[PDB]
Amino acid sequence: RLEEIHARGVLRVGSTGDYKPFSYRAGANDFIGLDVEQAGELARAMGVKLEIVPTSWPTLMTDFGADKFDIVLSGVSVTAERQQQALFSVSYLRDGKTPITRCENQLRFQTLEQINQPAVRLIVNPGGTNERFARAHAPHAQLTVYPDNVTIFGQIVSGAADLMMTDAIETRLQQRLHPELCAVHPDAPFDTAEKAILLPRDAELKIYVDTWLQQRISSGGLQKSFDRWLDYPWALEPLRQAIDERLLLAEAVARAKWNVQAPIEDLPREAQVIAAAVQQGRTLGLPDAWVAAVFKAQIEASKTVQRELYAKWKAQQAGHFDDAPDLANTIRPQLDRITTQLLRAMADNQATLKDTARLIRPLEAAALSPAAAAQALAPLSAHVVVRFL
């Protein structure tokens, strides 16, 4: 197998994309997380390209049998069912299952006895170890099997189920994401399992991966990676998406203004944007001085992109952009939607935004203008956020 990879020139890696902090699909061709980073390092070490292949827990082993990928790096628990068809690496992590529920009912679900009874509405994603564990250790409970995820933890928030039981590390993270949810004794889970790399029945590969892993572990490199991706501000990932998406749109804004040969400064639009942001921010209890600064920065950043393009296009004496979207009817609506998103992210994650060596990953739109990207983030640096509050 190891030769087939070297020949094909590419490591195909299964990843569910549903399991923060291991493997998350933020969109696009944009997977992030611990096990995505590791897949990266392994590819580099073999001297080949990486390809993430999407999978899911229900489809995991059938996708393996169809040879859709070479390995799976996705916070996979070593289990015996899986050992039937597959090899595993040495473990890189030790975890296992603990409950997550609304913060009121933490005491209602301390024990498997408390949990295993017909009163209780249990929820799991399908295919999983999470499904197997719920069927084995809580049969009497009422089990809905809910075939989506990231939004499965919504079902508990909204009272539609009572609790879920999942890996204690998933639970530590989801309690940060949903403040209304709480992890149940995650330092003392109900059981133990290894996390390791799913491999095919090929011993030379297993030896390769294991040697690789043991090196990474002993040298501190995995420990480092674990620190990064747990202290990673998963909560700020929407905030980042909003700032990012808004800036990338400045390209379209420029195209449209260019066609009408509008000037870049549009003082009416600036006043409205800021005035409307402040109003919306007051309803969310944000202070106005700060909201204004934030949005001033967003505008100034946009305008830097615009100015760079206008310069370029004046030099070209460029003409008319044919599939440029409408400013009033398409674009400006999108921008106003994002303003909302951005303000809400500011409102929720005021604490998370004061931590300092817990820091966001870099914007896509530094590709477009690194200067503009800096401008946009400037008033969300911890020091100014503390300055305001």
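In case it trips you up, residue 1 is the first one in the sequence shown, and so on.
Asker: On mean Cα temperature factor in this entry, is 142-150 or 294-302 the higher one?
Answerer: Comparing 142-150 with 294-302, the higher average CA B-factor belongs to 142-150.
Asker: Averaging the C-alpha B factors as listed in the entry, name the stretch that ends up higher: 191-199 or 177-185.
Answerer: Stretch with the higher mean C-alpha B-factor: 177-185.
Asker: Looking at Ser77, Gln85, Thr166, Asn259, which has the highest CA B-factor as recorded?
Answerer: Comparing C-alpha B-factors across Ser77, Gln85, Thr166, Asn259, the maximum falls on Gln85.
Asker: Choose from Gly96, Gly285, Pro238, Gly319 the residue with the greatest Cα B-factor as stated in the PDB record.
Answerer: Of the options given, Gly319 has the highest CA B-factor in the PDB entry.
Asker: Among the chain's modelled residues, which third holds the C-alpha B-factor of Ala66?
Answerer: Ranked within chain, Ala66 CA B lands in the highest tercile.
Asker: By the record's CA B-factor, is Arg358 among the lowest, middle or highest third of residues in the chain?
Answerer: Tercile = highest for this residue's CA B-factor.
Asker: Using the B-factors in the PDB entry, rank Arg216's C-alpha atom against the chain and give the third, lowest, middle or highest.
Answerer: As the PDB entry reports it, the C-alpha B-factor of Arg216 lands in the middle third of its chain.
Asker: Within this chain's modelled residues, let me know which third the CA B factor of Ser381 belongs to: lowest, middle or highest.
Answerer: Middle third.
Asker: Splitting the chain's C-alpha B-factors into thirds, which one does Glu364 fall into?
Answerer: Its C-alpha B-factor, which the entry lists for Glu364, ranks in the middle third among residues of this chain.
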